[PDB]
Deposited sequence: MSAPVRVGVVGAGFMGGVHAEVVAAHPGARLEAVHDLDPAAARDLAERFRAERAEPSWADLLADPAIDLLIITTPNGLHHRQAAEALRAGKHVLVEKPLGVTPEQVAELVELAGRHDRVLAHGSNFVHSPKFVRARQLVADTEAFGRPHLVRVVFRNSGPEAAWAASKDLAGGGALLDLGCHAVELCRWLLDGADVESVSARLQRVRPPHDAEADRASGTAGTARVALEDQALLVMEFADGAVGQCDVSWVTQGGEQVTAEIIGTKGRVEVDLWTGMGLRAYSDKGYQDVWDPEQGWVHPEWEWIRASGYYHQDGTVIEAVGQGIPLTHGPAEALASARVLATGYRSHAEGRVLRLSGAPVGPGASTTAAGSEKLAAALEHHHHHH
């Protein structure tokens, strides 16, 4: 029975605490936050064994097998390292690190300490994204993939820390692009990136990028687009399309739930937009891949089943983003090494 600690009792600590509490092979043992009242509230809401106010004590406790780190991006590296050095398995929310060297250091650490290190690429475990991938891999029907495009857009993160470079490590390219890049590479069966090209925008007034376009060229000829935004009103969008020589596949997460509703006022449990025509969500957590993700991690820890989607995939995506940031700066298409293609 895998004894789990949640580190950061905010929004994603809550999502993970829910899926942990529901999983028969695990126990929600502890919740820790710098804000001890936020840890207590979440420990209560999901019936955790306890609130643990001390990081040091949490790490020394031999009753904890796995920590889930849901703190602000810029803390991920230090927290995960300390955790792995203390002997704990770790699931870290994306971004696993804020630079490829941060990520590489964690992977090497996890290997040295013989620990499972997993990162929070949940969409890659979304049942509807899994399906879409089988369809593209059905060569008879789809043929050879030549385009993949993944779009993540919303009206921007609300938490104050996501506005500072030291706490967030980057703007929209890092926050949403990490996911878009992973989904492109993974929809094409782990395709190798040969070049990266990107351009960033600052749409909101005075500074982190709040919208970006990043494009990858892959070994086989295919081209991937990642189009991400913190400045799109009207409801979060997560879509993908893949186009091959013979077929097409389209995926829609938030307006492909098969529910529509209309009201003047606004429905009680309905997000944003509030009023008028909306697309209410059912089982958003599962549809988004969190149950399957966390389940994989609980199994990897509980019985050394290797992860299907490892942290090496986080290194590859970190390299892509870092190169995207450079491509924007230099206004050219770059190899992952940083060299210009020409």
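Stretches of the deposited sequence left without coordinates are 1-3, 210-226, 363-386, in sequence order.
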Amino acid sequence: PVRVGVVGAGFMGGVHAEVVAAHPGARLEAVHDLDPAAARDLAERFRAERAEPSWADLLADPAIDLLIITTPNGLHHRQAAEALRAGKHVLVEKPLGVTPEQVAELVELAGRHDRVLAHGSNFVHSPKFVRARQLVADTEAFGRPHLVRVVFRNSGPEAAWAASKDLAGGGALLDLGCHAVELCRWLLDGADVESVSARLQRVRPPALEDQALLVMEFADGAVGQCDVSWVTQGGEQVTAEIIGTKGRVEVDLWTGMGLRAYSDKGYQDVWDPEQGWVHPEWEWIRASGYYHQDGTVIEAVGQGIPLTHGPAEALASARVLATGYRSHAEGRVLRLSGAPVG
From here on, numbers count along this sequence of modelled residues.
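The deposited model assigns a higher average Cα B-factor to 243-251 than to the other stretch when 147-155 and 243-251 are compared. For the segment pair 184-192 and 257-265, the entry gives 184-192 the higher mean B-factor, averaged over Cα atoms. Taking the PDB entry at face value, the top CA B factor among 278, 287, 68, 305 belongs to 305. Within the listed group 227, 210, 105, 93, the record reports its top CA B-factor for 105. Among all modelled residues in this chain, the alpha-carbon of residue 217 has a temperature factor (C-alpha) in the middle third.
In this PDB entry, residue 202 carries a Cα temperature factor that places it within the lowest third of its chain's modelled residues.
For residue 237, the recorded CA B-factor ranks within the lowest third of the chain. Only modelled residues enter the ranking. In the deposited entry, the Cα temperature factor of residue 111 places it in the highest third of its chain's modelled residues. Sorting the modelled residues of the chain by their CA temperature factor places residue 35 in the middle third.
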